[PDB]
Amino acid sequence: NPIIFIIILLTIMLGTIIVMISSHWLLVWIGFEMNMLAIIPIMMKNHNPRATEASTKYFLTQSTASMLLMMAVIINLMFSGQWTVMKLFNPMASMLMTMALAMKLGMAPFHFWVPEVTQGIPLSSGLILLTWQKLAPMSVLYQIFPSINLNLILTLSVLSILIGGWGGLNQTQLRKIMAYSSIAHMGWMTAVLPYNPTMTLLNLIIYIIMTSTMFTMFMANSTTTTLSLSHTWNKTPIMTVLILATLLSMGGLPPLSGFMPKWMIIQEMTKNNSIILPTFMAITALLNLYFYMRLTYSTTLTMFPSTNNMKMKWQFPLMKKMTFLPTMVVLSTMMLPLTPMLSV
Amino acid sequence: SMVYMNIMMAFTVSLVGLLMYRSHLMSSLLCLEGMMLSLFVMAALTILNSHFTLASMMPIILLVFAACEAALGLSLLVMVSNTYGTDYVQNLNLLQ
Amino acid sequence: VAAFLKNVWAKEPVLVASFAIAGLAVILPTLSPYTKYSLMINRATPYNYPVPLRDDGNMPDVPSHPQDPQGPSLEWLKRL
Amino acid sequence: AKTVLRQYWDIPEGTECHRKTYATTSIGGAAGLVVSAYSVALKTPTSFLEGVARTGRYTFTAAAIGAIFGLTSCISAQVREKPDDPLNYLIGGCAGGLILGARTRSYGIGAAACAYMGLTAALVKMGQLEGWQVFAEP
Amino acid sequence: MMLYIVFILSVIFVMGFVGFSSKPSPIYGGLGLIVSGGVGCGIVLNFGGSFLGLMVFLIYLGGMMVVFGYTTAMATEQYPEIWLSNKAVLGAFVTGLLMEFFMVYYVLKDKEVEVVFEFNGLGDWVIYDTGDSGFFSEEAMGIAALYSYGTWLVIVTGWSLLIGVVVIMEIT
Amino acid sequence: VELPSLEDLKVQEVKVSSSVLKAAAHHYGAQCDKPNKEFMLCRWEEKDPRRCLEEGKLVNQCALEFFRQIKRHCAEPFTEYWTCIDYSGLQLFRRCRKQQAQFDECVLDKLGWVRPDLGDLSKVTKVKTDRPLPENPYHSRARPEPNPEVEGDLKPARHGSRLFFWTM
Amino acid sequence: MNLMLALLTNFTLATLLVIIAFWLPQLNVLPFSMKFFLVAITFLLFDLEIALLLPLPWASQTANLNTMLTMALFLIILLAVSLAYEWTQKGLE
Amino acid sequence: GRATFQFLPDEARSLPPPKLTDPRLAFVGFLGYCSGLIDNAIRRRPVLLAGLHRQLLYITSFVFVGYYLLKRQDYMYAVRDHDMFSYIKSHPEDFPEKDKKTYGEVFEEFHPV
Amino acid sequence: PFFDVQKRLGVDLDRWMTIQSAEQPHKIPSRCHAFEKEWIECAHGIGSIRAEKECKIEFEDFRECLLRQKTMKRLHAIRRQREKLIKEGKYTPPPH
């Protein structure tokens, strides 16, 4: 078990390398085919039947998310037959390209693909592995880019933040609260992509870091919202300020660095005179903070820490590269004169 | 030609309401491997007549992963029936 | 470890013989010079048609007569 | 399709109120068809005459509001002074919303029906007037 | 034995999918696939390629279908039934079955029906379109699978098959 | 496009059977060598076998006299030689090994020819300059023109990154 | 054109005889077991990687050989390493 | 943009460089000075001016990274401006030579109150 | 995104199983082999944004090589040029 637990973990990133390093439609077929075969035993380890009744819902979704891709691949074999990763030379194929590929980056359609998976998994350790599946198909879209029907890609993005802004008003499961708002940032970096595909990854990098800090701060004891009442006066009061340092940043306020892509997202989006569409998104992003307020009101205000059981013992977790993470996640908004020069 | 039109309707046995529904859940996974050979042949039409001679490995290496993907999800339905005895996709407890 | 080959060959004498055929099979293609005769023949099998070329001045070698000593010598095999 | 909207802004211009709303009820007649599709698949299994969905009559609401959506224009765009103006096209928003106020009764739902539906109507002819584009390109 | 012998198998191959498209009490679903893929193997055996289709008997029709047929006995231990002997099965079997001949009914049976539904004429020998003759090397299609230039595929695909065993060496 | 007439057709095709055509098959091309390799350049180097129709008759004409030559002088051990290989099955060249010497005793003797053991069907040659080489090939319409580049001089930023306020 | 007229006699002969066998000359007027499942899955794994092993005799009349030599031996390695980890647990088989 | 898969090419030798003692290189690591204090503050140090080896090498991390990061950043605007000027220099019809007129021609609106 | 490791370090992952005319292990061409060799020559230094507006021609006959579309449209209407006059004579040609 502990030898191959690295080996299974090793081949996941081996999959997404082959997605990035190829000029061939059949290798990128294989690429996130073997990824979908490498995620399954991570879901299992304690062999609980709820984990099995979550992975199989995860399974046959991504099976079709594989198998629909190849149906697009044989069309531009019948249409000019070249296999370089380029324009698809058929709008009937590019339609079949994107809205199959959008399953693995789950949009406003394919609703319960995200929450029903992430809720019900006992492994709340991670399950940060669902950032890799946010990383691999974005590394195809940078190359599909100059042949899209241009209306389908923006329609899924306007709907993306519309449902994600609504989902967590009806929630206590902080996994589902973090399952939602993963639709939110995946609407923005699609909505840039017709206008300068560079600086899309700027939204991608900031989203990785502010989700990496979130579950590592959730790996103290908390899995339920009212369980985040009983740690300030029980586990550690130092965690209570630090969790307020991130939930307010990821809402996007300008003195923190969570606002930083949405600062730059308009400088690109206008100057190409699309005005009514960024205004509808930024006003929707107001609702992205009322998840966090009404959640930060619970942990930072000492809301009745009952159940007398005092932790006089020390803590030994594995906070691996943890304390160096919210130093570019708060105070980096002055520290990006050109993030669009090293990445772009 | 008409040999491309059929088979192209034969690809539309991947009807999604008959791909995860209803119960006797093996009938769902049935047409998944049944969605294979609608792509093994349809590729092998155009590769063969237009004498490519190099992409012959492509439908062969297709069927390598086609059973290998089909090998995985069949195992989990045993693990469904390990604690239950029947598949019955109307089984639902873990909600969203 | 010297009796380790004599306390398993008197214990499980099946896979012991397999590893000896796992051996003596990887090593020997890099040893005897009967190989690279395998390469000289497998390249000198004519499938397609040898199309001639156009002369312009030179003529470095090989005039039009096929039975002239103008090309290589693969006729060692018939003498072999 | 975009052939319907291409047949909308070109010919009538307030006039020809016989075929104005005949081109304008089709969008309203097609709009309830989309929500009827989810009302049988997301809402649970209905009676033995599917589609037999939960409240029903969604097309019966949608085709009526889309009928009066062009009708209140081509009457008022004919009778006041004969342009299409933001003040002129404002009037179609209020009473067209109150079918959703008449059905599913008022004082909490129909009271906002004239409220929100009118302001979003007047921006449309304002939108084509100043040269605005939603989906532009360089 | 006529000229239309290739196309007439393809239409039969369409209907093998419809035989299990609803719910054929899934033991006959195996008998929906063997009838299909064998005819599907017949379609590949035209056009030059002999070897590449016959393996689908071994690797899939002898390979996947047996293990497929090895299930639905170790699970689903209820009482099965012959399909079409109910009203839950035949409720849609005829619906796409009419269109399968209706698609053929006017693609070319009229003179010009019409513009985009009459582009492909039925027959007659342009379905093959394989002249002129070839070589004595192979089919070819005979020198088709090579451990020349494609080697990066084999090291990846073989190593993917290895870790497939380990995931099934565990939980089950 | 255009096609040549029904004339320059109906020339004397060698109406022989396939076994008697593969009977000799070895002394045939090993001594003619003038129109055939020129016809190969006429087909391989230059495509469109419609400017290339003439020498297909020339190599055909040489084979006409060729079987007429072997018929007049030594044909009795030839006629028995394709007799045994007519007894069919894969047309092996070791079943009729015995009768080969009775044919081949006089091909080097009566009319005096060669036994091309292994030197034939190899060793790519050159032939002769006969016709103009088809430069400016089949269409070769244009390249067309590329787009110009910049060489310049790598200076740093004019005032530095010029983004919103961002002095340096 | 008899392939296809070659087996049609063979299959019409079998279905004929049953009618003289089962028909007209008669006229009378599951528990699950895990150890019996994992061998079928194990077989199909070694059933795939012999089909990739399959194109060998055409892969000898070829170009430079040590590419085809050292790589074809590698599939047997992956077929054999797969045994050894599975050899650590076979069950009552 | 040619010669890909490079962190920074060998065409980047004409850089001043973006040297030390800028406030950014001061700032890159200034947060790292605050960062290592938090690493004490998580695991109940409780010192907050702790052992120097944990109090250091957060400083050594960002400072070498930040200087090695700024080298391509000034290069990237430079190569962005390196391409722009020639296309400005070419196509004179795409860059009109406008005539400047003084404030004797302009008759603006004119709107007083 | 496309990091292109194979450009700096000079090995090919594949790069050979890419187009219709690259390797052909015993020099056996394809049916539309003659138009690949022309269509690549058109837009090589072109940055693909004017290629859909500059070359525009060698892509067309190449695309119609792969289908023989209007050739099949031209040949089918011969069955309406003749073959509606079946009983109206015009055997044309007599055998052989």
# chains A, B, ... in the order shown; residues from 1 in each chain; ligands from 1
>>> interface_residues(of="chain G", to="chain B", cutoff="10 Å", atoms="only C-alpha atoms", output="list in words")
residues 30, 31, 32, 33, 34, 37, 38, 41, 44, 45, 48, 49, 51 and 52 of chain G
>>> residues_around(residues="stretch 136-151 of chain E", least_positions_apart="4", cutoff="9 Å", atoms="only C-alpha atoms", output="VMD selection string")
(chain B and resid 48 51 to 57) or (chain C and resid 47 to 48) or (chain E and resid 48 to 52 155 to 156) or (chain G and resid 55 to 56 58 to 59 62 to 65 67 to 69 71 to 72) or (chain I and resid 13 to 14 16 to 17 25 to 26)
>>> write_last_selection(atoms="N, CA and C atoms", output="JSON list (two decimals), in the first residue's frame")
[["chain", "number", "residue", "atom", "x", "y", "z"],
["B", 48, "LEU", "N", -8.52, 3.09, -44.12],
["B", 48, "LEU", "CA", -8.20, 1.96, -44.97],
["B", 48, "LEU", "C", -8.20, 2.30, -46.46],
["B", 51, "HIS", "N", -5.09, 5.31, -48.46],
["B", 51, "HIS", "CA", -4.05, 4.41, -47.99],
["B", 51, "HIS", "C", -3.02, 5.16, -47.16],
["B", 52, "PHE", "N", -3.27, 5.21, -45.85],
["B", 52, "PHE", "CA", -2.43, 5.99, -44.96],
["B", 52, "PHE", "C", -1.22, 5.19, -44.52],
["B", 53, "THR", "N", -1.45, 3.92, -44.17],
["B", 53, "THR", "CA", -0.48, 2.86, -43.87],
["B", 53, "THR", "C", 0.25, 3.10, -42.54],
["B", 54, "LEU", "N", 0.00, 4.23, -41.89],
["B", 54, "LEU", "CA", 0.67, 4.55, -40.64],
["B", 54, "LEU", "C", -0.31, 4.66, -39.48],
["B", 55, "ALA", "N", -1.54, 5.04, -39.76],
["B", 55, "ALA", "CA", -2.53, 5.14, -38.72],
["B", 55, "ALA", "C", -3.29, 3.85, -38.52],
["B", 56, "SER", "N", -2.78, 2.73, -39.01],
["B", 56, "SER", "CA", -3.35, 1.43, -38.71],
["B", 56, "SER", "C", -3.19, 1.07, -37.24],
["B", 57, "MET", "N", -2.17, 1.61, -36.58],
["B", 57, "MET", "CA", -2.01, 1.39, -35.16],
["B", 57, "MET", "C", -3.10, 2.08, -34.34],
["C", 47, "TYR", "N", 12.11, -4.98, -52.46],
["C", 47, "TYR", "CA", 10.66, -4.97, -52.62],
["C", 47, "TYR", "C", 10.27, -4.18, -53.86],
["C", 48, "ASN", "N", 10.66, -2.91, -53.88],
["C", 48, "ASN", "CA", 10.12, -1.95, -54.83],
["C", 48, "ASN", "C", 11.02, -1.87, -56.05],
["E", 48, "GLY", "N", -9.86, -3.89, -48.50],
["E", 48, "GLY", "CA", -8.45, -4.23, -48.43],
["E", 48, "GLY", "C", -8.02, -4.83, -47.11],
["E", 49, "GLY", "N", -8.50, -4.26, -46.01],
["E", 49, "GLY", "CA", -8.05, -4.65, -44.69],
["E", 49, "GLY", "C", -8.66, -5.94, -44.19],
["E", 50, "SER", "N", -7.83, -6.97, -44.09],
["E", 50, "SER", "CA", -8.27, -8.26, -43.60],
["E", 50, "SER", "C", -7.92, -8.48, -42.14],
["E", 51, "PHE", "N", -6.67, -8.23, -41.78],
["E", 51, "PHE", "CA", -6.16, -8.59, -40.46],
["E", 51, "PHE", "C", -6.78, -7.78, -39.34],
["E", 52, "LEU", "N", -6.97, -6.48, -39.56],
["E", 52, "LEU", "CA", -7.28, -5.57, -38.47],
["E", 52, "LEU", "C", -8.70, -5.74, -37.94],
["E", 155, "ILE", "N", 5.68, 2.21, -25.17],
["E", 155, "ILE", "CA", 6.15, 2.38, -23.80],
["E", 155, "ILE", "C", 5.10, 3.06, -22.92],
["E", 156, "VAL", "N", 4.27, 3.93, -23.49],
["E", 156, "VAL", "CA", 3.23, 4.57, -22.70],
["E", 156, "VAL", "C", 2.06, 3.63, -22.49],
["G", 55, "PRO", "N", 1.54, -8.68, -33.50],
["G", 55, "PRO", "CA", 2.16, -8.43, -34.82],
["G", 55, "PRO", "C", 3.66, -8.66, -34.89],
["G", 56, "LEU", "N", 4.15, -9.82, -34.49],
["G", 56, "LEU", "CA", 5.58, -10.10, -34.56],
["G", 56, "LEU", "C", 6.16, -10.63, -35.88],
["G", 58, "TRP", "N", 5.44, -10.25, -39.01],
["G", 58, "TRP", "CA", 5.60, -9.16, -39.97],
["G", 58, "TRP", "C", 6.58, -8.11, -39.48],
["G", 59, "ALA", "N", 6.91, -8.11, -38.19],
["G", 59, "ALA", "CA", 7.84, -7.15, -37.62],
["G", 59, "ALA", "C", 9.27, -7.66, -37.60],
["G", 62, "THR", "N", 12.15, -6.20, -41.72],
["G", 62, "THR", "CA", 12.02, -4.78, -41.42],
["G", 62, "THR", "C", 13.35, -4.07, -41.60],
["G", 63, "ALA", "N", 13.39, -2.85, -41.07],
["G", 63, "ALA", "CA", 14.56, -1.98, -41.01],
["G", 63, "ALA", "C", 15.50, -2.39, -39.89],
["G", 64, "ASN", "N", 16.34, -1.45, -39.45],
["G", 64, "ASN", "CA", 17.27, -1.60, -38.33],
["G", 64, "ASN", "C", 16.65, -2.28, -37.11],
["G", 65, "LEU", "N", 17.24, -3.40, -36.72],
["G", 65, "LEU", "CA", 16.54, -4.41, -35.95],
["G", 65, "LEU", "C", 16.51, -4.15, -34.45],
["G", 67, "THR", "N", 15.90, -1.63, -32.67],
["G", 67, "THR", "CA", 14.66, -1.00, -32.23],
["G", 67, "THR", "C", 13.59, -2.05, -32.00],
["G", 68, "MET", "N", 13.37, -2.92, -32.99],
["G", 68, "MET", "CA", 12.33, -3.94, -32.88],
["G", 68, "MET", "C", 12.72, -5.06, -31.93],
["G", 69, "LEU", "N", 14.01, -5.23, -31.65],
["G", 69, "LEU", "CA", 14.41, -6.26, -30.71],
["G", 69, "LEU", "C", 14.17, -5.83, -29.28],
["G", 71, "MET", "N", 12.48, -3.44, -27.96],
["G", 71, "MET", "CA", 11.16, -2.98, -27.56],
["G", 71, "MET", "C", 10.17, -4.12, -27.45],
["G", 72, "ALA", "N", 10.28, -5.13, -28.31],
["G", 72, "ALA", "CA", 9.36, -6.26, -28.26],
["G", 72, "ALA", "C", 9.59, -7.10, -27.01],
["I", 13, "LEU", "N", 8.90, 12.92, -30.03],
["I", 13, "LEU", "CA", 7.98, 12.00, -29.38],
["I", 13, "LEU", "C", 7.30, 11.13, -30.42],
["I", 14, "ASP", "N", 6.48, 11.74, -31.28],
["I", 14, "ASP", "CA", 6.18, 11.09, -32.54],
["I", 14, "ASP", "C", 6.59, 12.00, -33.69],
["I", 16, "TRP", "N", 5.83, 12.04, -36.55],
["I", 16, "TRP", "CA", 5.90, 11.35, -37.83],
["I", 16, "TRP", "C", 4.52, 10.92, -38.27],
["I", 17, "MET", "N", 3.66, 10.59, -37.30],
["I", 17, "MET", "CA", 2.33, 10.06, -37.56],
["I", 17, "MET", "C", 1.36, 11.23, -37.57],
["I", 25, "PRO", "N", 6.69, 3.72, -44.89],
["I", 25, "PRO", "CA", 7.88, 2.89, -44.60],
["I", 25, "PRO", "C", 8.52, 2.13, -45.76],
["I", 26, "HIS", "N", 7.77, 1.88, -46.82],
["I", 26, "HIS", "CA", 8.33, 1.30, -48.03],
["I", 26, "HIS", "C", 7.98, 2.14, -49.25]]
>>> closest_atom_pairs(of="chain I", to="chain H", cutoff="7 Å", atoms="only C-alpha atoms", output="JSON lines")
{"residue": "I:3", "atom": "CA", "partner": "H:5", "partner_atom": "CA", "distance": 6.3}
{"residue": "I:4", "atom": "CA", "partner": "H:5", "partner_atom": "CA", "distance": 6.4}
{"residue": "I:5", "atom": "CA", "partner": "H:5", "partner_atom": "CA", "distance": 6.5}
{"residue": "I:8", "atom": "CA", "partner": "H:5", "partner_atom": "CA", "distance": 6.4}
>>> interface_residues(of="chain D", to="chain A", cutoff="12 Å", atoms="only C-alpha atoms", output="ChimeraX atom specification")
/D:42,123,127,131-138
>>> write_last_selection(atoms="N, CA and C atoms", output="mmCIF file, in the first residue's frame")
data_model
loop_
_atom_site.group_PDB
_atom_site.id
_atom_site.type_symbol
_atom_site.label_atom_id
_atom_site.label_comp_id
_atom_site.auth_asym_id
_atom_site.auth_seq_id
_atom_site.Cartn_x
_atom_site.Cartn_y
_atom_site.Cartn_z
ATOM 1 N N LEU D 42 -36.294 17.484 -14.677
ATOM 2 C CA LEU D 42 -35.795 17.825 -13.348
ATOM 3 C C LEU D 42 -36.866 17.637 -12.285
ATOM 4 N N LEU D 123 -34.462 49.504 -22.719
ATOM 5 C CA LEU D 123 -33.046 49.485 -23.052
ATOM 6 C C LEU D 123 -32.780 48.842 -24.401
ATOM 7 N N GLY D 127 -30.663 50.094 -27.062
ATOM 8 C CA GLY D 127 -29.446 49.361 -27.368
ATOM 9 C C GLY D 127 -29.101 49.390 -28.842
ATOM 10 N N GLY D 131 -25.650 52.088 -31.031
ATOM 11 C CA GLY D 131 -24.619 51.267 -31.635
ATOM 12 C C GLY D 131 -23.915 50.346 -30.666
ATOM 13 N N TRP D 132 -24.656 49.729 -29.754
ATOM 14 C CA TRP D 132 -24.058 48.842 -28.770
ATOM 15 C C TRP D 132 -23.967 47.430 -29.319
ATOM 16 N N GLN D 133 -22.936 46.704 -28.898
ATOM 17 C CA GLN D 133 -22.779 45.308 -29.281
ATOM 18 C C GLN D 133 -22.501 44.490 -28.034
ATOM 19 N N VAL D 134 -23.191 43.360 -27.904
ATOM 20 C CA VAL D 134 -22.951 42.461 -26.782
ATOM 21 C C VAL D 134 -21.747 41.570 -27.061
ATOM 22 N N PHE D 135 -21.693 40.995 -28.259
ATOM 23 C CA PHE D 135 -20.656 40.037 -28.647
ATOM 24 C C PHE D 135 -19.868 40.645 -29.801
ATOM 25 N N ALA D 136 -18.875 41.458 -29.484
ATOM 26 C CA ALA D 136 -18.125 42.160 -30.512
ATOM 27 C C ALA D 136 -16.859 41.386 -30.854
ATOM 28 N N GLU D 137 -16.156 41.857 -31.878
ATOM 29 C CA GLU D 137 -14.847 41.362 -32.274
ATOM 30 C C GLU D 137 -14.014 42.504 -32.830
ATOM 31 N N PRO D 138 -12.678 42.431 -32.689
ATOM 32 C CA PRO D 138 -11.783 43.362 -33.380
ATOM 33 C C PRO D 138 -11.792 43.152 -34.890
#
>>> interface_residues(of="chain A", to="chain B", cutoff="8 Å", atoms="only C-alpha atoms", output="mmCIF file with C-alpha atoms, in the first residue's frame")
data_model
loop_
_atom_site.group_PDB
_atom_site.id
_atom_site.type_symbol
_atom_site.label_atom_id
_atom_site.label_comp_id
_atom_site.auth_asym_id
_atom_site.auth_seq_id
_atom_site.Cartn_x
_atom_site.Cartn_y
_atom_site.Cartn_z
ATOM 1 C CA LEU A 26 -4.320 10.344 -30.259
ATOM 2 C CA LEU A 37 -8.117 5.574 -14.663
ATOM 3 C CA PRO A 49 -19.807 2.203 0.220
ATOM 4 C CA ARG A 50 -20.583 5.916 0.048
ATOM 5 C CA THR A 52 -18.099 3.711 -4.073
ATOM 6 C CA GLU A 53 -21.507 5.348 -4.539
ATOM 7 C CA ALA A 54 -19.678 8.572 -5.383
ATOM 8 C CA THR A 56 -19.214 5.528 -9.975
ATOM 9 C CA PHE A 59 -16.974 7.426 -13.411
ATOM 10 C CA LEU A 60 -19.582 7.225 -16.139
ATOM 11 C CA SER A 63 -16.266 8.070 -19.486
ATOM 12 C CA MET A 71 -16.041 11.507 -32.188
ATOM 13 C CA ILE A 74 -12.435 11.409 -36.586
ATOM 14 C CA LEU A 77 -9.647 13.006 -40.236
ATOM 15 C CA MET A 78 -12.446 12.869 -42.806
ATOM 16 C CA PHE A 112 -24.285 17.694 -9.807
ATOM 17 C CA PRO A 115 -21.025 18.657 -5.522
ATOM 18 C CA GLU A 116 -22.380 15.104 -5.427
ATOM 19 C CA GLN A 119 -19.692 15.712 -0.807
ATOM 20 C CA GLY A 120 -19.753 12.105 0.318
#
>>> closest_residue(among="C:79, C:54, C:36, C:43", to="chain I", atoms="only C-alpha atoms")
C:43
>>> residues_around(residues="residue F:102", least_positions_apart="6", cutoff="9 Å", atoms="only C-alpha atoms", output="list in words")
residues 77, 78 and 81 of chain F
>>> interface_residues(of="chain E", to="chain A", cutoff="10 Å", atoms="only C-alpha atoms", output="list in words")
residues 152, 153, 156, 157, 160, 161, 163, 164, 166, 167, 168, 170 and 171 of chain E
>>> atom_distance(atom1="atom CA of residue A:219", atom2="atom CA of residue A:184")
23.2 Å
>>> select_by_dssp(residues="chain G", states="alpha helix (DSSP H)", output="PyMOL selection string")
chain G and resi 8-17+38-48+65-87
>>> residues_around(residues="stretch 58-71 of chain I", least_positions_apart="6", cutoff="9 Å", atoms="only C-alpha atoms", output="ChimeraX atom specification")
/A:78-81 /B:1,50 /E:119-120 /I:31-32,34-36,38-39,42
>>> write_last_selection(atoms="N, CA and C atoms", output="PDB file, in the first residue's frame")
ATOM      1  N   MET A  78     -11.693  12.861 -41.558  1.00  0.00           N
ATOM      2  CA  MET A  78     -12.446  12.869 -42.806  1.00  0.00           C
ATOM      3  C   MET A  78     -12.436  14.243 -43.454  1.00  0.00           C
ATOM      4  N   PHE A  79     -12.078  15.278 -42.704  1.00  0.00           N
ATOM      5  CA  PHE A  79     -11.986  16.637 -43.228  1.00  0.00           C
ATOM      6  C   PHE A  79     -10.525  17.061 -43.165  1.00  0.00           C
ATOM      7  N   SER A  80      -9.823  16.871 -44.287  1.00  0.00           N
ATOM      8  CA  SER A  80      -8.444  17.266 -44.597  1.00  0.00           C
ATOM      9  C   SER A  80      -7.379  16.438 -43.884  1.00  0.00           C
ATOM     10  N   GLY A  81      -7.772  15.592 -42.933  1.00  0.00           N
ATOM     11  CA  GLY A  81      -6.945  14.494 -42.459  1.00  0.00           C
ATOM     12  C   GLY A  81      -5.662  14.827 -41.732  1.00  0.00           C
TER      13      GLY A  81
ATOM     14  N   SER B   1     -20.546   9.305 -48.715  1.00  0.00           N
ATOM     15  CA  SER B   1     -21.414   8.254 -49.228  1.00  0.00           C
ATOM     16  C   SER B   1     -22.404   7.783 -48.179  1.00  0.00           C
ATOM     17  N   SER B  50      -8.288   5.411 -48.104  1.00  0.00           N
ATOM     18  CA  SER B  50      -7.242   6.412 -48.277  1.00  0.00           C
ATOM     19  C   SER B  50      -5.995   5.839 -47.631  1.00  0.00           C
TER      20      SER B  50
ATOM     21  N   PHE E 119     -27.252  13.963 -51.844  1.00  0.00           N
ATOM     22  CA  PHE E 119     -25.868  14.168 -52.263  1.00  0.00           C
ATOM     23  C   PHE E 119     -25.160  12.852 -52.553  1.00  0.00           C
ATOM     24  N   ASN E 120     -25.468  11.809 -51.792  1.00  0.00           N
ATOM     25  CA  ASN E 120     -24.765  10.538 -51.876  1.00  0.00           C
ATOM     26  C   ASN E 120     -25.653   9.547 -52.609  1.00  0.00           C
TER      27      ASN E 120
ATOM     28  N   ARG I  31      -3.592   8.277 -51.752  1.00  0.00           N
ATOM     29  CA  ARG I  31      -4.357   8.705 -52.915  1.00  0.00           C
ATOM     30  C   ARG I  31      -4.292  10.203 -53.152  1.00  0.00           C
ATOM     31  N   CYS I  32      -4.393  11.009 -52.103  1.00  0.00           N
ATOM     32  CA  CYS I  32      -4.283  12.455 -52.224  1.00  0.00           C
ATOM     33  C   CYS I  32      -2.905  12.913 -51.763  1.00  0.00           C
ATOM     34  N   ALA I  34      -0.476  13.828 -53.660  1.00  0.00           N
ATOM     35  CA  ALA I  34       0.073  14.886 -54.499  1.00  0.00           C
ATOM     36  C   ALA I  34      -0.408  16.270 -54.096  1.00  0.00           C
ATOM     37  N   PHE I  35      -1.416  16.363 -53.234  1.00  0.00           N
ATOM     38  CA  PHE I  35      -1.936  17.666 -52.848  1.00  0.00           C
ATOM     39  C   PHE I  35      -1.468  18.108 -51.468  1.00  0.00           C
ATOM     40  N   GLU I  36      -1.081  17.164 -50.605  1.00  0.00           N
ATOM     41  CA  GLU I  36      -0.362  17.500 -49.378  1.00  0.00           C
ATOM     42  C   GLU I  36       0.939  18.210 -49.684  1.00  0.00           C
ATOM     43  N   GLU I  38       1.670  19.985 -52.116  1.00  0.00           N
ATOM     44  CA  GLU I  38       1.460  21.334 -52.611  1.00  0.00           C
ATOM     45  C   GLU I  38       0.897  22.255 -51.532  1.00  0.00           C
ATOM     46  N   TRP I  39      -0.063  21.771 -50.738  1.00  0.00           N
ATOM     47  CA  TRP I  39      -0.776  22.634 -49.799  1.00  0.00           C
ATOM     48  C   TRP I  39       0.096  23.061 -48.625  1.00  0.00           C
ATOM     49  N   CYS I  42       2.260  26.069 -49.755  1.00  0.00           N
ATOM     50  CA  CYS I  42       1.590  27.361 -49.843  1.00  0.00           C
ATOM     51  C   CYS I  42       1.803  28.181 -48.578  1.00  0.00           C
TER      52      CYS I  42
END
>>> residues_around(residues="residue F:20", least_positions_apart="4", cutoff="10 Å", atoms="only C-alpha atoms", output="MDAnalysis selection string")
chainID F and resid 16 24:25 78:79 81:83 85:86
>>> write_last_selection(atoms="C-alpha atoms", output="tab-separated table (two decimals), in the first residue's frame")
chain	number	residue	atom	x	y	z
F	16	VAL	CA	0.94	-14.71	-74.13
F	24	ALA	CA	11.84	-16.76	-69.12
F	25	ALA	CA	11.34	-13.58	-67.04
F	78	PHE	CA	11.67	-23.58	-73.79
F	79	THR	CA	8.25	-25.09	-74.50
F	81	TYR	CA	10.21	-25.51	-69.52
F	82	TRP	CA	6.96	-23.66	-69.01
F	83	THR	CA	5.18	-26.99	-69.34
F	85	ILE	CA	5.66	-24.77	-64.22
F	86	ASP	CA	2.19	-24.73	-65.77
>>> atom_distance(atom1="atom CA of residue E:101", atom2="atom CA of residue E:16")
14.2 Å
>>> closest_atom_pairs(of="chain F", to="chain H", cutoff="12 Å", atoms="only C-alpha atoms", output="Markdown table")
| residue | atom | partner | partner_atom | distance |
| --- | --- | --- | --- | --- |
| F:147 | CA | H:87 | CA | 11.5 |
| F:148 | CA | H:87 | CA | 9.6 |
| F:149 | CA | H:86 | CA | 8.6 |
| F:150 | CA | H:86 | CA | 6.3 |
| F:151 | CA | H:82 | CA | 8.6 |
| F:152 | CA | H:82 | CA | 7.1 |
| F:153 | CA | H:82 | CA | 7.2 |
| F:154 | CA | H:82 | CA | 6.1 |
| F:155 | CA | H:78 | CA | 6.2 |
| F:156 | CA | H:78 | CA | 4.7 |
| F:157 | CA | H:78 | CA | 5.0 |
| F:158 | CA | H:81 | CA | 8.2 |
| F:159 | CA | H:77 | CA | 10.3 |
| F:160 | CA | H:74 | CA | 7.7 |
| F:161 | CA | H:77 | CA | 6.4 |
| F:162 | CA | H:77 | CA | 9.4 |
| F:163 | CA | H:77 | CA | 10.8 |
| F:166 | CA | H:24 | CA | 11.9 |
| F:168 | CA | H:22 | CA | 9.5 |
